[PDB]
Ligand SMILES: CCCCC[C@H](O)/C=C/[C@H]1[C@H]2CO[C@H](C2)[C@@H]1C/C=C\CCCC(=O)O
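In structure tokens, one chain follows: the form solved without this ligand.
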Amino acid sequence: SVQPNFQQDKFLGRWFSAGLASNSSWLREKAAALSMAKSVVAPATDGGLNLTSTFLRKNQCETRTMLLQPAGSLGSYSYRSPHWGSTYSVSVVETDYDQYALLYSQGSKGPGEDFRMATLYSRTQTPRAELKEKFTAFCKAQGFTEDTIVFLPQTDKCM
């Protein structure tokens, strides 16, 4: 499932990782200890996206980039991780480009095949309560129970 008529150029730029739901208890545990700073979406050489995430981990600013390679429908991508020995489908399911994006990721190959994650991205680091409600509803409709939905800690550091 992808955002209809997806316009990759409008999806570019600065976003904030406001929320997460996943069926990985491990990932939820780790993510709740990270304080999110800012994320940047930039066009990649292969026609996909480079996603750069900046966050505070144990009082240290860290930034990590991920390559999202194009995968069929516009707005759908694949992420290859030799560390997880797996490939993941990453899709922009719903976005208005200028305020929010709801992403859904799932394993497509390898041991990580059963992995599932929904992500809320916002153009402000402090999104409206109605957007948080939208994300909660989206997560539940994707099969995530309430207690697997995480609104992530945020930081002013690392900007």
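Quick note: we count residues from 1 along the sequence shown, nothing fancier.
From this point on, the text means the form deposited with this ligand bound, which you will not see here.
At the 4.5 Å threshold, heavy atoms of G112 reach this ligand in the deposited bound form. Contact annotation for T136: none of its heavy atoms lies within 4.5 Å of this ligand in the deposited bound form. Under a 4.5 angstroms non-hydrogen atom cutoff, this ligand in the deposited bound form lacks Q142 among its neighbouring residues. The stretch among 92 to 100, 41 to 49, 23 to 31, 125 to 133 whose residues place heavy atoms within 4.5 Å of this ligand in the deposited bound form is 23 to 31. Although this ligand is not shown here, in the deposited bound form the stretch 70 to 93 places heavy atoms of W84, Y88 within 4.5 Å of it, in sequence order.
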